[PDB]
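Structure assessment
Now for the letters of each chain:
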Amino acid sequence: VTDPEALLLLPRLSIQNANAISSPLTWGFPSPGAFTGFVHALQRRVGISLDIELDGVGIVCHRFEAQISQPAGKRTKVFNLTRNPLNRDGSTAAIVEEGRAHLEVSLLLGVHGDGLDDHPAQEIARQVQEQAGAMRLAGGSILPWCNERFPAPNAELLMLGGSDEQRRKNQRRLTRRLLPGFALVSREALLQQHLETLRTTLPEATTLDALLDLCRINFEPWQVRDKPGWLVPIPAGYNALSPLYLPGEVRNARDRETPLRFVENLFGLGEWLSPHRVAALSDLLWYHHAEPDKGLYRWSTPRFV
Amino acid sequence: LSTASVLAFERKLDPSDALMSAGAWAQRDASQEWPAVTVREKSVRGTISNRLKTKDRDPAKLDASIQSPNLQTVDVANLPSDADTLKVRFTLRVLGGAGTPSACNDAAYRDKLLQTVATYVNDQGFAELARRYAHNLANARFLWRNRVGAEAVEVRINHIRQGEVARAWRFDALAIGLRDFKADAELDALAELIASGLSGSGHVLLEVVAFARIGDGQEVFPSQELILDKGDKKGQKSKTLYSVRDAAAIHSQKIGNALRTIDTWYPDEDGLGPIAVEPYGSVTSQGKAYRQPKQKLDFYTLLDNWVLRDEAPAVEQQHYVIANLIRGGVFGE
Amino acid sequence: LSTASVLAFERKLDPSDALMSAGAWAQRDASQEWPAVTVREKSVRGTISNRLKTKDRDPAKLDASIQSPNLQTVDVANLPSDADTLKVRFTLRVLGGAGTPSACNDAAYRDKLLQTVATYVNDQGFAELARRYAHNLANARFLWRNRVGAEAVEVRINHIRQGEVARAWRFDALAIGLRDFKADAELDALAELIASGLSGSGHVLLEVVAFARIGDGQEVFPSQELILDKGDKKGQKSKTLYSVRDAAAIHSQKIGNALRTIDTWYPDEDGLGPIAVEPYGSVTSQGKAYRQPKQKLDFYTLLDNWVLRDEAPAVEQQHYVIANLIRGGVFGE
RNA sequence: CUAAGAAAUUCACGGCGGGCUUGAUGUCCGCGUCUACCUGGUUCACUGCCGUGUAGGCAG
């Protein structure tokens, strides 16, 4: 939750077959926890050989397409699946379902490290995108060159550099590279605001956002409600459901050096915004913040409003 | 030493979806603004042509069952009626670092596994697996039914470093056979590029383009969605075809299935063709699993006896196991 | 030995959608720039002319039904007012390898099936089947109702090797009867070409163009689409015709139904002409199935007797079974 | 170190047959668009231009 000394625009990334499930109660764009884990993976595998510190991530999502279908008379939708290989006797496999989608996202990476003065900006940008072109972002492959990968160069920009006119000018020159984009932010305080509004009957927060991504048809003495924005339900972190265990206690863990607790994820709210409506760009970035003695592990955009 | 209860390998040779677009042959050198192939819909009034269950075989039920026929909506992709060539273009990337698991419990098992893999790689390179991969790119396995009965297939591969073409190839997918992995100088050059990529030694990004002259207006075969829930048999669509944006395309998992077809070492016959590299190596079209665990050629058996118990297999089964580690997989107990 | 639980053959004789265009006879040779036949709309009101179920046969209810509006919108395709010739152009591939399945569980079954089909192709060609298929291209079966009442039909078939014509035929579809598989010289040349395609001995691609002289402004008949019924007041559309990018068209499977109407060997008659090759060969217009399974000339009975139990049937029924394998289909249980 | 790591939906098919959309009709009345202006490099350190060749008589 440090303030960023720079911003890094991974400019245009086609994602091949990402995970469009995101939670047990959503299905659209993937969870922003995947983006936080991606930028932390870049912090691991190249972010220490350049003496930098990559924390924030700004989601943009230019173009979206999911592999769904509505089944011919039904009003809801289903997912398109894949054939898995056959069983041991070659009979058939038990089908689990996974939603798959195609993203075209752009990433804004906050940089904090002391190596911003030791290295030229283009070398930092080139090595970051050349590493990120061999990784994956929501369980989905990050696609190489296509018919129109002309904005291939990454760009780096220090937000502190220059005068106030210079900072805001270079900001609005960055926003010309987010052209059909729609940034995703967290709007937790609006969830508590509407809960304090309609908390006459039931102050359960599940009912609140379960009555916000909707059209609310009120009747004659029809006055359907007005949408304040593109409010959509998001998953917003994890809450524990078990006492934490030692690194050797839990059977079949991913390793034997980290403690494991069984958790439950923790639903939230946020809404998609154009990159003109935001004031600056340092307020737009996602950060992971955990309270480990309790079970509150979450991510948000701190210092947005 | 026991096995790791969690074993997971990430895939190398990660392909994309292959978009399909159409135009005329001998203008394929400038095939950059060719229009795409669009999925459309058409109607199908079918008829009853199934095997009956020897109890519903009376003439009255047959007549009364072809009174009310079978009416369907399918998806079809076709060439335009003045274009005879199918351009199928996708990008393959070769990652490298193929012995390192992506999730492993036991740190001793991972050390023994990486010693085993580096012992393989120093005793013999990735040359055999990359020349078999170079074959399955050099002919046109990824054109599945789009290859059958075409008269001229040309494959163009471009290695890409930056916004520029590092090296170009132009193969002939019908001279390069479908069965006998014959050697070639250009196949050896492209195979050395793939084997440099698979060993973590370079940045290998291919661009695979194949042209198939089939005929003006003929039918092409994009891949087909797996849909379980459909409507109430009246308005339902029995055949959906895959499409990324307004263009009929092939899934990436079956192009990767085409690249993986290497396995000429399963104990039935190499005369019946190479199959796809799988554990329990099984063919969905055949409906039958070759390489049973009741024999000893299964991937689990070979990997456990070559990592834990140091019963090193034959060299060909080593090629099979490293092909599985290149494939990926979520193994374990 | 038993049948495989999965058999699947891919179709040979793989045609394209025929597209319709119109112009003047004896400009027929320059029919390359002829404008398309556009599917159009007009309005229709009809009267009550179906049968009545004797409880709507009261006179006052009938007169109240006649005073009711009965409107709806239909699609029509006509020639222009200064064009009297319909041009119908499709293409056709003959593939060959016409007994090899594409999805077969039982490996012993497909071995004995390939032995049987290879025995057939050894002692007989594809000569009778290509003779009959080249008849159904030589006349104009693929002009379904467009041929009915035309005063002059002719067919122009061009074999295509590259973007170039190898050989051109020109027939007279009204002299070549709809019934008699007669003898001719150029028709035997086309039968040799189609038999070399079915045997696997060459690349066969045809450009089948047919000109029907109909009359100025008369109606042509694209194949009709499939719409769902609702209760819309004052007329929802009651008829949709098939089209491509603004050009009336025939489905590819309807042309393919015309080309495999070669079956004169069914137990009912052969003065009734050929019916189409179907398992238990059924006509949908006549609503009954010729070649019932209980009178054992069904495709499944003949194939079970001839592959599993070596009972070779009569020569003509062997032509029928191989015609079903050239047809393709979803076989097995 | 990302609800992490893996993935072939396949084959085949005839939408057809018919049809009268009609009858009738008032679009009317009224109006301020003004006020002001340099297309002036050589529309080429050049088209026809002793040598196309940093040398020259060159509608300069």
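Residues numbered from 1 in each chain as written, not as in the entry; some residues may be left out. Chains lettered and ligands numbered in written order. Part of a larger assembly, values for the part shown. Heavy atoms only, no water. Residues with missing side-chain atoms left out of burial classes, pairs and counts.

Per the deposition metadata, cryo-EM was the technique used to determine this entry, at a resolution of 3.2 Å.

The next thing to look at is the overall build of chain A. Per the secondary structure count, chain A includes five helices and 15 strands. Taking 2.2 N^0.38 as the reference for a compact globule, 305 residues should give roughly 19 Å; the C-alpha atoms of chain A span a radius of gyration of 21 Å, in line with that estimate. Projecting the C-alpha coordinates of chain A onto the three principal axes gives extents of approximately 65 × 60 × 50 Å. (Helix = DSSP H or I, 4+ residues; strand = E, 2+ residues; numbered from the N terminus. Rg over C-alpha atoms; globule rule 2.2 N^0.38 Å.)

This part is about a positive patch on the surface. All names here are of chain A. Residues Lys169, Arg172, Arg173 and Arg176 make up a contiguous surface patch of positive charge. With respect to the helices and strands, the residue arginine 176 is situated in the loop between helix 3 (164-174) and strand 9 (183-186). The class of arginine 176 is exposed, set by a relative accessible area of 53%. (Patch = residues over 30% accessible without salt bridge, like charges linked within 9 Å, V, L, I, M, F, W, Y side chains within 5 Å. Areas by Shrake-Rupley, 256 points an atom, 1.4 Å probe, with all protein chains shown as cover. Salt bridge = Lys/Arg side-chain N within 4 Å of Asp/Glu carboxyl O. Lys, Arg positive; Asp, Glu negative; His and termini not counted. Charge placed at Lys NZ, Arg CZ, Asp CG, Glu CD. Buried < 20%, exposed > 50% of the residue type's maximum accessible area, 1.4 Å probe, protein only.)

This part is about the relation of the copies chain C and chain B. When chain C is brought onto chain B, the operation consists of a screw motion whose angular component is 51 degrees and whose axial shift is 11 Å, with 0.9 Å RMSD remaining. An overlap of only 4% is found between the interface residues of chain C and their copies at the interface of chain B, pointing to separate contact surfaces. (Least-squares fit on C-alpha atoms. Contact = heavy atoms within 4.5 Å.)

A few words now on the domain arrangement of chain B. All names here are of chain B. Entries for chain B in the domain assignment read domain 1 (1-10 + 98-125 + 262-333) and domain 2 (11-97 + 126-261). Just the C-alpha atoms count here: the centres of domain 1 and domain 2 sit 28 Å apart. With 28 residues of domain 1 at the interface, the matching set in domain 2 holds 20 residues. (Domains from an automatic or database assignment.)

Residue and element names in this part refer to chain B. The three strands lie next to each other as 8-1-20, forming an open sheet whose pairing is antiparallel. Across the chains shown, the open sheet's two edge strands, defined by having one partner strand only, are strand 8 (103-104) and strand 20 (329-332). Sheet analysis places strand 1 (residues 6-9) next to strand 8, joined by two bridges and oriented antiparallel. Paired with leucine 7 across the bridge in strand 8 is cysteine 104. (Pairing = 2+ DSSP bridges.)

This brings us to the protein's contact with RNA strand D. Taken together, 77 residues sit near RNA strand D, with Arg254 of chain A, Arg45 and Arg145 of chain B together with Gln253 and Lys254 of chain C positioned nearest. Counting only atoms of RNA strand D within 4 Å of the protein, the sugar-phosphate share comes to 57%. At a separation of 2.9 Å, a phosphate oxygen of RNA strand D approaches a polar side-chain atom of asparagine 19 of chain A. In the model, a phosphate oxygen of RNA strand D is placed 2.6 Å from a nitrogen or oxygen of the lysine 254 of chain B side chain. At five residues, helix 1 (residues 32-45) of chain A tops the list of elements feeding residues into the surface near RNA strand D. When its residues are assigned to classes, the surface near RNA strand D shows 26 nonpolar, 29 polar and 22 charged. (Near = heavy atom within 4 Å. Polar contact = N/O pair within 3.5 Å; in protein donor to acceptor, adjacent residues only side chain to side chain. Nonpolar A, V, L, I, M, F, W, Y, C, P; charged D, E, K, R; others polar.)

Next up on the list: the sheet that holds strand 12 (residues 231-240) of chain A. Strand pairing in a sheet relies on backbone hydrogen bonds, with the paired strands running either antiparallel or parallel. Residues and elements named next belong to chain A. The five strands are arranged 9-13-12-15-14 in an open sheet whose pairing can be described as antiparallel. Every interior strand has two partners, whereas the edge strands, strand 9 and strand 14 (287-291), have only one. Neighbouring strand axes in the sheet, compared pairwise and without regard to direction, differ in orientation by 30 degrees on average. Bridging between strand 9 and strand 13 (residues 263-273) involves four bridges; their strand directions are antiparallel. Paired with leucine 184 across the bridge in strand 13 is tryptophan 272. (Axes fitted to C-alpha atoms, helices over the stretch in contact; angles between N-to-C directions.)

A separate point is the pairing of strand 3 (residues 18-23) of chain B. Regular strands place side chains that alternate from one sheet face to the opposite one. All names here are of chain B. Counting buried residues along strand 3, five of its six residues qualify, which places the element largely inside the surrounding structure. Two strands pair when backbone bridges link them, and strand 3 and strand 15 (residues 247-250) are joined in this way by two bridges, in the antiparallel orientation. In the sheet register, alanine 18 faces strand 15, and the bridge partner there is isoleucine 250. The pairing of strand 3 with strand 6 (residues 85-90) spans five bridges and is antiparallel. The residue bridging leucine 19 from the neighbouring strand is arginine 89, located in strand 6.

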